[PDB]
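# Breakdown of the fold
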Amino acid sequence: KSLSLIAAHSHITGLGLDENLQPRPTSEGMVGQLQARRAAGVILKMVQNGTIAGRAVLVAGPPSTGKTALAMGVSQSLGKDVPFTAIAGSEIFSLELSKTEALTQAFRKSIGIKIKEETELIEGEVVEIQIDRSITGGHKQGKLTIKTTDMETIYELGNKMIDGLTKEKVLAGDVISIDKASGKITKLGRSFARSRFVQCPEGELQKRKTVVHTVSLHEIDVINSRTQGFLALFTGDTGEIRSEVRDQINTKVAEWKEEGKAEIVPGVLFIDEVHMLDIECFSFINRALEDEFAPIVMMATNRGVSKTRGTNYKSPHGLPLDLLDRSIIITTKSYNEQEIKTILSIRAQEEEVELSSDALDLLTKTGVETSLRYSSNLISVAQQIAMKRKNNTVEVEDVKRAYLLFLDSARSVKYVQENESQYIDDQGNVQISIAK
Amino acid sequence: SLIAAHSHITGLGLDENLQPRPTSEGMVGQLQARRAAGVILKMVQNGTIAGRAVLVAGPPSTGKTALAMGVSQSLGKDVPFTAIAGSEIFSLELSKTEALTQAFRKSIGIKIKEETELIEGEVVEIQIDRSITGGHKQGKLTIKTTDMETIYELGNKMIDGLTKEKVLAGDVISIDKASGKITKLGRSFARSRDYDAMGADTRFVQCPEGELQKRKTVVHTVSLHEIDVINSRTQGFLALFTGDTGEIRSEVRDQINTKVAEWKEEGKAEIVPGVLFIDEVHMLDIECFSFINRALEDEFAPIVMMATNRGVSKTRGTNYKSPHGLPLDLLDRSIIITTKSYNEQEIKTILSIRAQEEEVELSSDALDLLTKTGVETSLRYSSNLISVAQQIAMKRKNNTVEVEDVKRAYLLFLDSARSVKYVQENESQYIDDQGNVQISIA
Amino acid sequence: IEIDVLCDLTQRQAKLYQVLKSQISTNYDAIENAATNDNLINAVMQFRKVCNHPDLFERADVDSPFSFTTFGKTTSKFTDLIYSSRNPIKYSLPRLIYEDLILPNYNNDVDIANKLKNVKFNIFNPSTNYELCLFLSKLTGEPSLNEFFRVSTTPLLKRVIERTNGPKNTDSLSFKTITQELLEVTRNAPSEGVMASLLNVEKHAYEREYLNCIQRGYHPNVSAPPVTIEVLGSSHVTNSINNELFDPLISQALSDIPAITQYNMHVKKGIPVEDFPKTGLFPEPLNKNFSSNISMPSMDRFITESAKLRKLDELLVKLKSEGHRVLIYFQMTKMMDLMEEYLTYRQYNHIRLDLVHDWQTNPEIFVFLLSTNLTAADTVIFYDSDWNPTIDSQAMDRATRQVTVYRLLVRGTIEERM
Amino acid sequence: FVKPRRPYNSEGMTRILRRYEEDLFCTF
Amino acid sequence: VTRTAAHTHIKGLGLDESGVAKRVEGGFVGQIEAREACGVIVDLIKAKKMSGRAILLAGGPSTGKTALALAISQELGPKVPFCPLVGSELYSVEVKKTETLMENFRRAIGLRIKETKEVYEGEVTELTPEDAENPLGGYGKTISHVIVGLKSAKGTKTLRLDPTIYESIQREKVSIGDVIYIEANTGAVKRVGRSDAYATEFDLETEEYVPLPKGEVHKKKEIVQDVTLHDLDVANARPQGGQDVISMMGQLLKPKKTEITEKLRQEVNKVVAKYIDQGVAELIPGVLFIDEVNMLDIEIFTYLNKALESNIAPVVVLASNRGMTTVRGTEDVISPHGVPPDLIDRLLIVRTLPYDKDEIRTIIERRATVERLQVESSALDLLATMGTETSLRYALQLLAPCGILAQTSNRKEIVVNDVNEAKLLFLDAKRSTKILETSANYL
Amino acid sequence: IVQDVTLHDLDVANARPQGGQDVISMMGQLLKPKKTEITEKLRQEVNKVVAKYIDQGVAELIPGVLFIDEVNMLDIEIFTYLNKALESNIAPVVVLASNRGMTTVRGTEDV
Ligand SMILES: Nc1ncnc2c1ncn2[C@@H]1O[C@H](COP(=O)(O)OP(=O)(O)O)[C@@H](O)[C@H]1O
Ligand SMILES: Nc1ncnc2c1ncn2[C@@H]1O[C@H](COP(=O)(O)OP(=O)(O)O)[C@@H](O)[C@H]1O
Ligand SMILES: Nc1ncnc2c1ncn2[C@@H]1O[C@H](COP(=O)(O)OP(=O)(O)O)[C@@H](O)[C@H]1O
């Protein structure tokens, strides 16, 4: 389940918080940033309460300060069965959808409906199957013996059950699941009988089982529109769904909640790099947040006073002031030496790399000096240099060798700036020849 | 047929030591460029190296396209020569890189060896069995020569080729098995009881004698791009003619490369690379140049010839100026053939050759005045004047162009310098760049 | 007379060689050193297996796309074969959404609104918009005034299936284009007509370049059915899905009826031809090779995939034309089986596995296979050539005339060093 | 020995015979 | 004999067992530290544990960056998927650039599955359909069942089919006397050809004649297949392969790139993880190589910043020859190598160095010995001085005109005079620019 | 019967597949007829079959006039393709007209 090699945020299992929403210094893979974690815990409580809608928050700070780490912590603390959509700023610039339509689809993907239904099921291990044919074979008679670990029974079959058993061959000793009302029979496997391999089911054979469904508003939006089927949820060409089906879906969902047949589960939409949206997207986002079925929007940006896209002026955070008026802003700060070394030790534990104390100190020094991501990339590349000399622990010499082999930002700018005759400039001039 | 601009050039005019003759094969002058083009021609004919870019540069009306046509005519048959312009890359349904990939793959030919069987003889009896609707078709054919007579079995396509191009008993047909083609050669029986339904006057041919079934080995050249278009989808053979081949995936190209290498490894097919010619290559985006720089490094890459008549000008897609309008990365991996302007004797020989091709009997002094007006003005103007002078000359009903008809044609039709001289003193009559004009004459 | 034959690596052999070279962490120097010396022996056995024959390292089999299916399989007087392929991806839908949005009931208005938008307020209805229908009938020439209401309310696929070539009156505004009167002449026109040949470029290009004997070069990697939609506890969903996936009109339109079944319709049941469900609309593929994605292991690629085997197939023609008796030396028994199946494909006279008596008494034999005593033995080939001279000396004097010994060598491998 | 020919299997199907002297067309 | 184009003298990085580069090995000359860093990257890729690791190959023109990427691909072997790409490929007219980038990301991850196939095969002996009692009833088809009798070597089975398999059998145009191949996973039918048990010289359809298949009729065989994740996504988004009318009509439509949703990717990942958990499939992560990375827009870089943080991402290798250059799509952002500062933090830069005169001389030596040419020593010294004076590449591709001019004088030796003639006939960028400046009308 | 057609009618008749029973052909008949980029290969085959029947004495080629008025509004890419396409063997005589004086060509900022 959920195959993954190692992620860059794989150590974050949530927000480290107490029962009084106080952040521990080291919990759940998150260290430091006490005020930002407290604010994100308040936002998490806002989402889990579910009584308010359409509030936008902004996580702003310098680069490499843990904004995406905060978003991943909120997403892991939400758990399953709550919608979480994560998009980038450049994702909505489509050739087949308008920008407002893509933003609308991303908005309605983040709110879901919890529907609870029950179905009656058959589960057991097949003992013996008899199919009988007549002289002409016009009618078919049958008997099926099926057992669990507690009972055993024999059923008399009709024509459509016999046809459904002949199709998708079922032999003796197979564990199968039968849905009577739909006629779908699945082979769970084979029982443990030497004389795939699953165990024989226990308890009753006729079980009424309850399955809790959660379906987003965008799925019912696609299915209710007749212009395409449910295969557009996978192929991805929905093609500018009309508004009137969305008002029908809104009214139907409202009366479903009134009757008690459904519950509304709002979620979080996360927009990473929100400064790359046009001003039309910002103006749509301003008026899309006052709807009753609107999620809580999280935006993350790292710019200063920069040019807003599609305009000719400059704005704080790259966003216009009317969008910033409806936002509450969480500010992240830079890290210390101890926080950097704790981050590097946690990244060592997740990458299964054993480090010396001196190697950790050198990594902390070069991480304070250059970048946190540079040391977090150097630590995994030092282990291969250590393993080429056939030893397990990563020492100082491996870190110095990796620091010599792989450059960083400021050093690369420094070697470029006194060798610029060999590189292609903004004017397209270069010197390739060695002499003259 | 009809007369084109470079209709007098069929070849390059080179000796066995790759040294050009002064006037041979429709080409006169330009010895260094002709020698370099002959070297590139032998480089193509060896077929041992791939992905080499050649740039031809010089002033306008010098013979760059003449050199490209000479290379194409000296290339010979069954060697692909794709000639495109720089403006055809930009398309509404294809990306620029995809169009450049297709133009690259058009210039690589695959020569496939096939083994066929030929059957010729008189038809004795045709039996055709069909369904009630008409879908399922089968039948037997009894063909016969002088010595042998066998009975064959027929399929759907063979019955379709038999029904259209109507065959009766007594007709002589020729069948090719691997191509599925039926040709009727004539009739021999001369049946008496003819139902008068058609006006057939079929030829009387003789009885074919000897072996009924003969084997032969045939060779045909297909392009690589045709194989991708055929293998791309279900009805790609229609897309070969309608041009509806939208962005063929990379997996198709990988599998086609693997199967082409497998066919080469057995002896069924061999690879014949060709020449891709890009005229006005400066009319290209910088993304096209960045794609060309890395598409020249592949195994299946033709030799690319480019022509430019541009100096240090702006490179498209950028805001700086570069030599020949090309970035320095593309100019790094190119060898450059330069072309120089002409003399008076070369211009006289060009005009005499173009008069010989267009069948115009020019006088001596008419040729001297055409050379004079072709050395003051450009060469193409004096080349264009010859047909007009001829058409003026047939109005007086004499089949010899004098200097009077040439003077009349020079009076009637203008040059560029006379046009800018007339425009620049009457700027109120013509529409200004600011859109102002004077229409009233008072 | 000792002469060695050099062979060049094929594409599959070089691919397997590069895979083996990259797999063992590039200690090729140690492989060469312990190859000069003679668990590295198990490492170099894979290399010699690759240069011997690629099928020994990995057998070639049926090349087909990967089936992304969960069908009914057997965990092992007729046998039933029913189509049962599904998709592993399951999309689950609640019953409430289907029953309250898609199916009519007493508390919704699907049918009422469908009728209101499709029948009563339709502008092609002749009971309310007769003037528009008469105008369109003068414009087009349709003999019925209900044709437009029928066209506007049925799907495009159902329209293009049951389309008929009904006649239209001449007094209309729709006449025939030039392209259409060019195309309608050459429907049954024969060859050698000028108008027929000028409109038949594509078939001439088809038979000019021998397009009905070319081979298919591409097949897809994965093939999948559409995504299964599951609703628990509703037979109506199953009925609708089975009707949509296996529509009898459409699936009947994409193929034919058997001929004896058509005879049972027309003669034994009196059903006319115009009442038949119309058939044969699937497009014809380019070749017979392009009709499916499954490729077969052919016994012509088996020769060319092994370079030493191809060099033997080149070399045995001269020995068969000169009338000799050849003998092969091996080291394993797997290639003993390989040469058994190859020689039965080539129908040559060889041994079935006493040997000396059958060798001397019977001269009708051609080729001997032994695994490490002949005289009338003229030409001997070393396939798996090892230069340990103890085995080669006893193989040499084990078997009157001139004697030629042959060795097969593969270029750029271990054996070029050897 | 001589290999047998493939069986020819045409029931319930029409026939067009085109001989030297005279042509048929058998219909159902 | 063979065909060579700008490469294929490079057979790998040419390192030792400890990671130390030799001076001349694998066709490489010099660039020792870059080759050692690339060997460390090769070991990291072969470890099969890391996701979203990005390196950048930064240097001048003609310093060997594409050669190093080719050496990476040759060292990893053909099992690991390698996806070469230029920066201009991502601008498609059918779909957005973000989807093309994610498609190449999923195309760079491989898979190896051992698949079991249920197969019926044999020669068709009897083909008899049965009719329905009311064939014009509107619902239900014309026939009910088709009896098919198949025979093999030591085996004969009679099968009763539903109509849906028979429609594929009829579409394959089978008859009595044909060898067929029915696979039961998707219902696909392959018609092999006519059986050899009858006469083979009385046809006109250029068909080949196969014998009976060995073994029984009903088999279960194991097939090892190598696929990528993008193949699974493409096969699921445009479904072909079933026997339903959606699948048969999916083959006849013109293919077009669509925006594959994230839901399909998660479901394909879940199915692949379930396959891996059963011991059937194994995962082979690979390398995506993007050349001329400065041709990308700011939006593609901003999407790369998020695409590298996924948990299934491959190892990405970039290359650029740019100094302080404005990023495309921006007007004021000046950044090293044309790559924005948000991406440089997630990168490890490998720096390539220019060459020396002796390195130019020996590189010309290997390029001459690969193209099957022999040169003199004085001509080699002239070529090395020429490569230092103008460019390495101009000295590299002047070899073939020199060889042609040597061949046309009936010699197999390249001498000084042939190199002088190649200078006289072909120019370089500097002399062409010098002609362009001192020109009348842009000569 | 003497019939008159242009070469473009031959191109669009040969590009359009001949009327069969496939669903794709009748689907394209029932849909909007979007234009497609006709390849140079089809024009080449049309020219060779036309020259073949001209050499038999049956057909006759009549070149005409393409009159493009106010050619000042053309982009420079169309001018370069005009430079390419005027060198063909089958080309007619093209007549242009303009009322400008010294004006910049569209698509270029300084010419
Ligand atoms: N407080 C923190 N606790 C644990 N890890 C952190 C913290 N802050 C940053 N990191 C790690 O640092 C790396 C880079 O930080 P990131 O969140 O990408 O920066 P940005 O906020 O600019 O996106 C990530 O892998 C993240 O896991
Ligand atoms: N050496 C030559 N031999 C024959 N014709 C020539 C020669 N040089 C020029 N021409 C004629 O002069 C014209 C040159 O124009 P062209 O080659 O199309 O452009 P450019 O010269 O700018 O490359 C052609 O029409 C060609 O017929
Ligand atoms: N170390 C080397 N050894 C041998 N040949 C080299 C070496 N470095 C570069 N080359 C050759 O020089 C050329 C450089 O091309 P390429 O690497 O594509 O450009 P760049 O260096 O700008 O990436 C290639 O043809 C390559 O074969």
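Residues numbered from 1 in each chain as written, not as in the entry; some residues may be left out. Chains lettered and ligands numbered in written order. Part of a larger assembly, values for the part shown. Heavy atoms only, no water. Residues with missing side-chain atoms left out of burial classes, pairs and counts.

Going by the header, the method for this PDB entry is cryo-EM, and the resolution given is 2.8 Å.

Along its length, chain B carries 14 helices and 16 strands. Considered along the principal axes of its C-alpha atoms, chain B spans approximately 85 × 60 × 60 Å. (Helix = DSSP H or I, 4+ residues; strand = E, 2+ residues; numbered from the N terminus.)

Turning our eyes to something else, we now look at the sheet that holds strand β3 (residues 54-58) of chain E. Residue and element names in this part refer to chain E. One open sheet accounts for 5 strands, arranged β4-β13-β14-β3-β17; its pairing is parallel. Two strands bound the open sheet, and with one partner strand each, they are β4 (82-86) and β17 (348-351). The sheet shows a mean angle of 20° between the axes of neighbouring strands, direction not considered. Bridge analysis of β3 against strand β14 (residues 315-320) gives 5 bridges, and the strand direction is parallel. Bridging across to β14, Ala54 finds its partner in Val316. (Pairing = 2+ DSSP bridges. Axes fitted to C-alpha atoms, helices over the stretch in contact; angles between N-to-C directions.)

Below, the discussion takes up the site of ligand 3. Residues in contact with ligand 3 amount to 19 residues; listed here are only the nearest, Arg294 of chain B together with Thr63, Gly64, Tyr355 and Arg393 of chain E. Chain contributions to the surroundings of ligand 3 come from chains B and E. With respect to ligand 3, the backbone of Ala6 of chain E contributes an N or O atom lying 3.1 Å from an oxygen atom. Measuring from an oxygen atom of ligand 3, one finds a side-chain N or O atom of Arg393 of chain E at 3.0 Å. Computed on the free molecule, ligand 3 has an accessible area of 560 Å², of which 97% lies beneath the protein chains in the complex. Elements with a minimum of two residues in the shell around ligand 3: β2 (28-29), α2 (66-76) and α12 (392-396) of chain E. Tallied by class, the residues present in the shell around ligand 3 amount to 8 nonpolar, 7 polar and 4 charged. (Near = heavy atom within 4 Å. Polar contact = N/O pair within 3.5 Å; in protein donor to acceptor, adjacent residues only side chain to side chain. Areas by Shrake-Rupley, 256 points an atom, 1.4 Å probe, with all protein chains shown as cover. Nonpolar A, V, L, I, M, F, W, Y, C, P; charged D, E, K, R; others polar.)

Taken residue by residue, the interface counts 64 residues in chain A and 76 residues in chain E. Buried area between chain A and chain E, summed over both chains or domains, comes out near 6,400 Å², and the portion from carbon and sulfur atoms is 58%. Contact with chain E buries area across many residues of chain A, yet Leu3, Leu5 and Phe234 of chain A alone supply 12% of it, more than any other trio. Viewed at the interface, chain E and chain A are joined by 4 salt bridges. With a closest N to O distance of 2.9 Å, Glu299 of chain E and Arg309 of chain A form a salt bridge. Here chain A and chain E share 21 residue pairs in polar contact between them. (Contact = heavy atoms within 4.5 Å. Buried area = accessible area lost by both parts, 1.4 Å probe. Salt bridge = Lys/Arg side-chain N within 4 Å of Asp/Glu carboxyl O.)

All names here are of chain A. In spatial order, the strands read β4-β12-β13-β3-β16; together these 5 strands make up an open sheet with parallel pairing. Edge positions in the sheet fall to β4 (84-88) and β16 (327-331), since each has one partner strand and no second. This sheet shows a mean twist of 20° between the axes of neighbouring strands, independent of strand direction. Judged from the 5 bridges that link them, strand β3 (residues 56-60) and β16 form a sheet pairing that is parallel. Looking at β16, one finds that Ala60 is bridged to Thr331.

Every one of the 20 residues lining ligand 2 counts as a neighbour, but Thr62, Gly63, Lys64, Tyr342 and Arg380 of chain B are closest to it. Residues within reach of ligand 2 are spread across chains B and F. Between ligand 2 and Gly63 of chain B, the relevant distance is 2.4 Å, taken from an oxygen atom to a main-chain nitrogen or oxygen of the residue. Here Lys64 of chain B contributes a backbone N or O atom positioned 2.8 Å from an oxygen atom of ligand 2. When ligand 2 sits alone it has 550 Å² of accessible area, and the protein chains cover 92% of it. Mapped by element, the contributors of at least two residues to the shell around ligand 2 are β2 (27-28), α2 (64-75) and α12 (379-393) of chain B. For the shell around ligand 2, the element with the most residues is α2 of chain B, which contributes 3 residues. Grouping the constituent residues of the shell around ligand 2 by class yields 10 nonpolar, 7 polar and 3 charged.

The next point concerns helix α5 (residues 217-224) of chain A. With 8 of 8 residues buried, α5 of chain A lies mostly within the body of the structure. One side-chain oxygen of the residue at the start of α5 of chain A lies 3.2 Å from the amide nitrogen of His218 of chain A, identifying that residue as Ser216 of chain A. (Buried < 20%, exposed > 50% of the residue type's maximum accessible area, 1.4 Å probe, protein only.)

This part covers the UniProt feature "binding site: ATP" in chain B. Residue and element names in this part refer to chain B. On the UniProt side, "binding site: ATP" is annotated at positions that read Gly58, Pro59, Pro60, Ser61, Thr62, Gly63, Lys64 and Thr65 here. If you trace the backbone, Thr62 turns up in the loop between β3 (53-57) and α2. On the basis of relative accessibility, which here comes to 3%, the residue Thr62 falls in the buried class. Polar side-chain contacts of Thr62 include one of 2.4 Å to the backbone oxygen of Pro59. (UniProt positions renumbered as here; feature names shortened; annotations may be inferred.)

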